[PDB]
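Quick note: numbers below take in every heavy atom, side chains included, and nothing from hydrogens, waters or symmetry partners. Throughout, residue positions are numbered sequentially from 1 according to the sequence presented. In listed order, ligands and their atoms are each counted from 1.
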Amino acid sequence: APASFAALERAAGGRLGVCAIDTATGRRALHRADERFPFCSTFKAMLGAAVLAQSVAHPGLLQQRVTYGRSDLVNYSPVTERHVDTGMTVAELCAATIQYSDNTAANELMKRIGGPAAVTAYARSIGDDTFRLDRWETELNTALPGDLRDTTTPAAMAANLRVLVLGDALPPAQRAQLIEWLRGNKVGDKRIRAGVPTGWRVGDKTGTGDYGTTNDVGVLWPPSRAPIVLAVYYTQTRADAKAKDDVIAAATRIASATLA
Ligand SMILES: NC(=O)[C@@H]1CC[C@@H](NOS(=O)(=O)O)CN1C=O
């Protein structure tokens with residue numbers, strides 16, 4: 001098996017980006033940590049945080065029912081497609097978008113809170129000047145080489161996760177909620193979760209896009225040691241490239257070994 005990030009990139013082809021932070025010591029494991037990558041679904045973690053942050057000023061926000069129609073449904077909406085008739089609450093849409101990566105849920109939340117610009121504004125509010133959300137689902141996953149729309153860096157996303165999950169960017173109640181949503185990711189078993197020991201607990205958000213883009217970002221809680229924050233981004237040369245779950249699992253093993 002490839003033993004370094006550089007070696008893994010050469011084996012897999014494409015372009016790999018990693019930022020892993022050992023929160024005990026502040027040591028980092030890095031590869032292209034300051035390069036931009038298309039974030040795809042991983043922004044949904046930021047979207048959830050942005051909604052929770054708005055809920056601090058308006059506690060009733062999470063309660064609000066959002067109704068949407070058949071024509072609002074975009075591809076990959078396994079939860080929202082079941083509730084065209086009732087609609088769903090803001091909190092329900094957050095859980096759906098983070099835990100099942102539901103695309104319509106993301107769009108409907110963004111309509112409520114002020115669109116792509118609102119998520120970008122939220123990123124700036126927590127000290128992320130790098131993140132930019134430009135488009136809606138599913139266009140934001142085009143992942144075109146050379147396009148800066150809908151990108152961030154592994155280092156910027158890892159820093160966001162550190163302050164959101166382990167820091168005080170959110171008040172305790174909202175911080176606890178974000179953690180519950182991330183720990184409940186249902187669609188990431190073959191990625192970060194596949195590259196850590198089963199004793200480690202994971203809260204994460206995956207993403208996948210065109211150009212075989214394969215991403216996963218989150219926080220890892222080892223049983224007897226301080227948490228590690230891990231952001232992994234990966235993208236490939238051909239537009240029809242296949243996503244590579246195993247690249248993320250391998251990057252995770254290397255990061256966890258390095259910070260052992
Ligand atoms: N093209 C997309 O919108 C992809 C693919 C399917 C959904 N979930 O994928 S995941 O890698 O986030 O688990 C949503 N998504 C997020 O990147």
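Within 6.0 Å of the CZ atom in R15, the count of heavy atoms belonging to other residues, nucleotides or ligands exceeds 12.
Annotation: ring pair (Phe, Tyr, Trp, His ring centres under 6.0 Å) contacts of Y76 (sequence neighbours excluded): none. Judged as a salt bridge (charged side-chain N to carboxylate O under 4.0 Å, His left out), and not counting sequence neighbours, the contacts of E9 are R32.
In summary, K111 and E108 engage in a salt bridge, as defined by a charged side-chain N under 4.0 Å from a carboxylate O.
Relative orientation of the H31 and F5 rings is tilted, given thresholds of 30° and 60° on the angle between their planes.
Taking a heavy-atom cut-off of under 4.0 Å, ligand 1 is surrounded by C40, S41, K44, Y76, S101, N103, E137, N141, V187, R191, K205, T206, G207, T208.
The list of salt bridge (charged side-chain N to carboxylate O under 4.0 Å, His left out) pairs with a residue in residues 39-57, not counting sequence neighbours, reads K44-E137.
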